[PDB]
Amino acid sequence: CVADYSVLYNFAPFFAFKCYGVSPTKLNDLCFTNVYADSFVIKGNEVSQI
Amino acid sequence: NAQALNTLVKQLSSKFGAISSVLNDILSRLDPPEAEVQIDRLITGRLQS
């Protein structure tokens with residue numbers, strides 16, 4: 001499918017957008033073999049542990 | 001002569017510790033501040049060759 005990351009920015013005022021292997025600003029100009037998404041909820045003080 | 005030239009032209013497909021052996025991949029995946037760290041290793045390896 002066409003992966004548009006623009007809908008992620010306006011969805012919520014995120015306060016943590018750490019990206020390790022790719023600069024976020026270029027995310028719209030790349031192609032990937034496969035994508036995995038994982039979701040869970042934790043407390044604030046544990047956020048640094050991810 | 002053929003062996004030397006073949007080795008010299010083959011040495012361009014080595015990462016030398018970086019994440020990839022293609023410059024355009026690095027220049028299209030990372031911000032300019034983080035590109036120099038990867039570029040330097042390739043530069044040094046190719047200079048040595």
# chains A, B, ... in the order shown; residues from 1 in each chain; ligands from 1
call {"tool": "closest_atom_pairs", "arguments": {"of": "chain A", "to": "chain B", "cutoff": "12 Å", "atoms": "only C-alpha atoms", "output": "JSON lines"}}
result
{"residue": "A:19", "atom": "CA", "partner": "B:30", "partner_atom": "CA", "distance": 10.1}
{"residue": "A:20", "atom": "CA", "partner": "B:30", "partner_atom": "CA", "distance": 9.4}
{"residue": "A:21", "atom": "CA", "partner": "B:30", "partner_atom": "CA", "distance": 7.5}
{"residue": "A:22", "atom": "CA", "partner": "B:29", "partner_atom": "CA", "distance": 5.3}
{"residue": "A:23", "atom": "CA", "partner": "B:30", "partner_atom": "CA", "distance": 4.9}
{"residue": "A:24", "atom": "CA", "partner": "B:30", "partner_atom": "CA", "distance": 8.6}
{"residue": "A:25", "atom": "CA", "partner": "B:31", "partner_atom": "CA", "distance": 8.6}
{"residue": "A:26", "atom": "CA", "partner": "B:29", "partner_atom": "CA", "distance": 6.6}
{"residue": "A:27", "atom": "CA", "partner": "B:29", "partner_atom": "CA", "distance": 8.2}
{"residue": "A:28", "atom": "CA", "partner": "B:29", "partner_atom": "CA", "distance": 10.7}
{"residue": "A:29", "atom": "CA", "partner": "B:28", "partner_atom": "CA", "distance": 8.2}
{"residue": "A:30", "atom": "CA", "partner": "B:29", "partner_atom": "CA", "distance": 8.0}
{"residue": "A:31", "atom": "CA", "partner": "B:29", "partner_atom": "CA", "distance": 10.7}
{"residue": "A:32", "atom": "CA", "partner": "B:29", "partner_atom": "CA", "distance": 11.8}
call {"tool": "write_last_selection", "arguments": {"atoms": "C-alpha atoms", "output": "compact mmCIF listing (two decimals), in the first residue's frame"}}
result
# COMPACT_ATOMS: atom_id res chain seq x y z
CA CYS A 19 14.15 7.87 15.00
CA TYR A 20 17.34 5.81 14.87
CA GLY A 21 18.18 4.60 11.37
CA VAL A 22 16.22 7.15 9.31
CA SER A 23 15.79 10.90 9.61
CA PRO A 24 12.05 11.58 10.08
CA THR A 25 11.89 14.40 7.52
CA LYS A 26 12.86 11.99 4.72
CA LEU A 27 10.32 9.31 5.72
CA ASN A 28 8.02 10.32 2.86
CA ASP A 29 10.76 9.70 0.27
CA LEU A 30 11.70 6.08 0.93
CA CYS A 31 10.53 2.55 0.16
CA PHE A 32 10.69 -0.44 2.51
call {"tool": "select_by_dssp", "arguments": {"residues": "chain B", "states": "helix (DSSP H, G or I)", "output": "PyMOL selection string"}}
result
chain B and resi 2-13+23-27+32-48
call {"tool": "atom_distance", "arguments": {"atom1": "CA of residue 7 in chain A", "atom2": "CA of residue 47 in chain A"}}
result
23.1 Å
call {"tool": "residues_around", "arguments": {"residues": "residue 24 in chain B", "least_positions_apart": "6", "cutoff": "12 Å", "atoms": "only C-alpha atoms", "output": "list in words"}}
result
residues 30, 35, 38 and 39 of chain B
call {"tool": "residues_around", "arguments": {"residues": "range 34-43 of chain A", "least_positions_apart": "6", "cutoff": "12 Å", "atoms": "only C-alpha atoms", "output": "number ranges by chain"}}
result
A: 1-3, 49-50
